[PDB]
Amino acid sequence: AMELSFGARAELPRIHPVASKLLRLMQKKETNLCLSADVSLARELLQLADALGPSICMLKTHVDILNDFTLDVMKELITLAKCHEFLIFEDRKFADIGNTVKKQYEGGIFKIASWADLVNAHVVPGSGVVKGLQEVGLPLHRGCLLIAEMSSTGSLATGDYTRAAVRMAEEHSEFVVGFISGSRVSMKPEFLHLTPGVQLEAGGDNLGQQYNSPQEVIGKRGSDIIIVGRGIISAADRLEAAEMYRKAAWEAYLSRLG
């Protein structure tokens, strides 16, 4: 027991391939920053992934908000992910019975599993939601994140709900590689912690979003990666905002490491 670096956690015996790949590039590029690319145009998604790719360890998408999505766009995006070295995380939020989610994960127009290294899912439906996705994810060598806590005001992902998420992730470690949470929720270093609702300044938006700083999230709460969207995208200089958040989240990591 003791805080292990990202690089050491990447080699843990019970580490998942996807999580190991991420941890390795995080340490290599000194970034634990996940950019939330919430844009409506592919060329916009592709432009941002290329420009900020060197500053991030992951790019989170909402492919269903893209007005001109095509599988050729995802092909191009993967080329950028391979080039700049970052994973692709489709924030799809699987939250239905197992029989429906495996279909939403593999088929349809998006064919998410064909290009998403990671996807997340709400635990509210019971473990069937993980077992259904699994059937599609394991063959494709993918990983899954369980939403244990949420950043929004009024969130019901608390107490027993949060504990249920942890037990579910620890019982499906062959596919679940971590959590979407506001702080460390598992004491097993094989699990990744990704925290959204992050900005340098205090505040939030008028539709429920609440913000905490990188030092608070990574340093005081023990999470691993910060997910930032508007904090970077609405800034006049997006590359400088990216670096600021990268250095913010990385230095907080280093401090907690000792």
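Take the two forms, superpose them, and find the largest set of C-alpha atoms that agree within 1.5 Å; that set is the rigid core. Residue positions are given as counts along the sequence shown, with the first one as 1.
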Quick one: core-superposed, which stretch strays further from the shown model in 5 other deposited structures of this protein, 190-198 or 229-237? Go by RMS C-alpha distance.
-> 229-237
Which stretch is less alike in 5 other deposited structures of this protein, 95-103 or 177-185, counting RMS CA distance after the rigid core is superposed?
-> 95-103
Identify the stretch, either 56-64 or 198-206, whose C-alpha atoms have the larger mean B-factor according to the entry.
-> 198-206
Given 27-35 and 42-50, the range whose Cα B-factors average higher in the PDB entry | 42-50
Of the options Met187, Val129, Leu146, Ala116, which has the highest CA B factor as deposited?
-> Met187
Highest recorded Cα temperature factor - choice among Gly178, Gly98, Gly107, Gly154 | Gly107
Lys247 CA temperature factor, ranked by third within the chain = middle
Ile15 - Cα temperature factor, lowest/middle/highest third of chain = middle
Just say lowest, middle or highest third for the CA B-factor of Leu133 relative to the other modelled residues in its chain.
-> middle
Relative C-alpha B-factor of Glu85, binned into the chain's lowest, middle or highest third | middle
What third of its chain's C-alpha B-factors does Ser213 belong to: lowest, middle or highest?
-> lowest
